[PDB]
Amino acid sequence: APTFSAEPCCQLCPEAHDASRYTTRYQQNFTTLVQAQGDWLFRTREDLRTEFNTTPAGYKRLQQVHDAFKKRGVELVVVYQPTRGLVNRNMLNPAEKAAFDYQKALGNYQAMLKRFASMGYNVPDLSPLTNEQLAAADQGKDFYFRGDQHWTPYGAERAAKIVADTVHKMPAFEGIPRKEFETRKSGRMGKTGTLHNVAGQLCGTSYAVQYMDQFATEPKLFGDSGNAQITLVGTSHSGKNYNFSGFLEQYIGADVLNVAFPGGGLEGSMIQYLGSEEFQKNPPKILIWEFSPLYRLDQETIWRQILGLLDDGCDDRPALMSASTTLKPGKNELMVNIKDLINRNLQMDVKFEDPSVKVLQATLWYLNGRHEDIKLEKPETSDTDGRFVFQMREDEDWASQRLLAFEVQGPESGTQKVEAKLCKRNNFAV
């Protein structure tokens, strides 16, 4: 006889619109949260941006990386994720839907894709997936999770179809063995989204878990396969949770070696793979690289490492100077130079005996006390190689400065074995 009713709770509190409150570094990727239909939230600065550009130094580095891979015999397929705003604007509430300049953001996103294409990169055109309006039969299969930054598996599959179109038109795909695959629903996942968590602690509220289908891809006498000739480098977006590499195998029709891992960001997965012996003994014909507009494309310490690695660091090569030392806490002088060691012709290769070393903090000493302080950090979300490879600095006048010494900061306590070689670069050969 008595009636008991229940209500859906909790529009974003007005206090989350206050940019003052996103103080920590983590919170800064969410500034600011806005409420949309259902419990869709959006981050204004990252999801609703209209600008997809980098600096000229960035474009020059991207061009060099393309050309260096090409000399190693690798073609690159750039998967440049369109934003949550670009794809799911139609879930916005009317006010934000009318303030978001989708035509400008669409044009600038397409322009950055064309820029990538201009440097030689193979660029699958993902703009047709923006302005998503799902068919009635696909009502719940949104490109993005409502309160999280990752695509759903359905978003990944849709991107994979276009990527496979690009790969089939590629001359490098010739000679790559073909293989059939079968992809099936395998289970269900529940996502507590990052946006919902940040919202929840800003407003003292609570969000429902969003459930989503998981998928799995299986290969369907001498029918076993050799080594992959396509490699996928990427972030958490390419991890097991969303089956991006499964869908790529399914629609390309070929094996795909997946070396992504969460927390790798723009360069972690790439740096770890380039240092690997898999890449140096079985370099792929096609490397698919997955990232998004979230990452600055003008960090010089990233590309000095990627370019050093594309030249194979310092091995199979005469050393100019070498060190085999036990670091102690404090400053440790590994090498002291006579010979005219010109920054623009040099690279450093540093391996720690202990593979758990994630940080290299060091100083390159030049004439009259001019010094470069370097700090290279490996991701803490994957087993990494304890190896740091980097070209000397070449911007401004640095390219001509002569190298005098190299020192390395020791551990807070204990001792650590390290080996360091200084060598000349070759021109990205074998």
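A residue's number is simply how far along the shown sequence it sits, counting from 1.
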Continuity check for residue 337 and residue 338, given as deposited residues lacking coordinates between them: 4 to 9
According to the PDB entry, how many deposited residues between residue 188 and residue 189 are absent from the model (none, 1 to 3, 4 to 9, 10 or more)? none
Hey, which bit's got the bigger mean C-alpha B factor in the entry, 313-321 or 119-127? 313-321
Averaging the C-alpha temperature factors as deposited, the higher value of 375-383 versus 400-408 falls on 400-408
From 356, 292, 280, 238, residue of greatest CA B-factor: 280
Top Cα B factor in the deposited entry, candidates 103, 166, 81, 152: 103
Would the CA B-factor of residue 68 place it in the lowest, middle or highest third of its chain? middle
Ranked C-alpha temperature factor of residue 89 among modelled chain residues, by third: middle
Quick tally, chain-level thirds of C-alpha B-factors: residue 42 sits in the middle
Chain third (lowest, middle, highest) by recorded CA B-factor, residue given as residue 147: lowest
Divide the modelled residues of the chain into thirds by Cα B-factor and specify which third, lowest, middle or highest, holds residue 181. middle
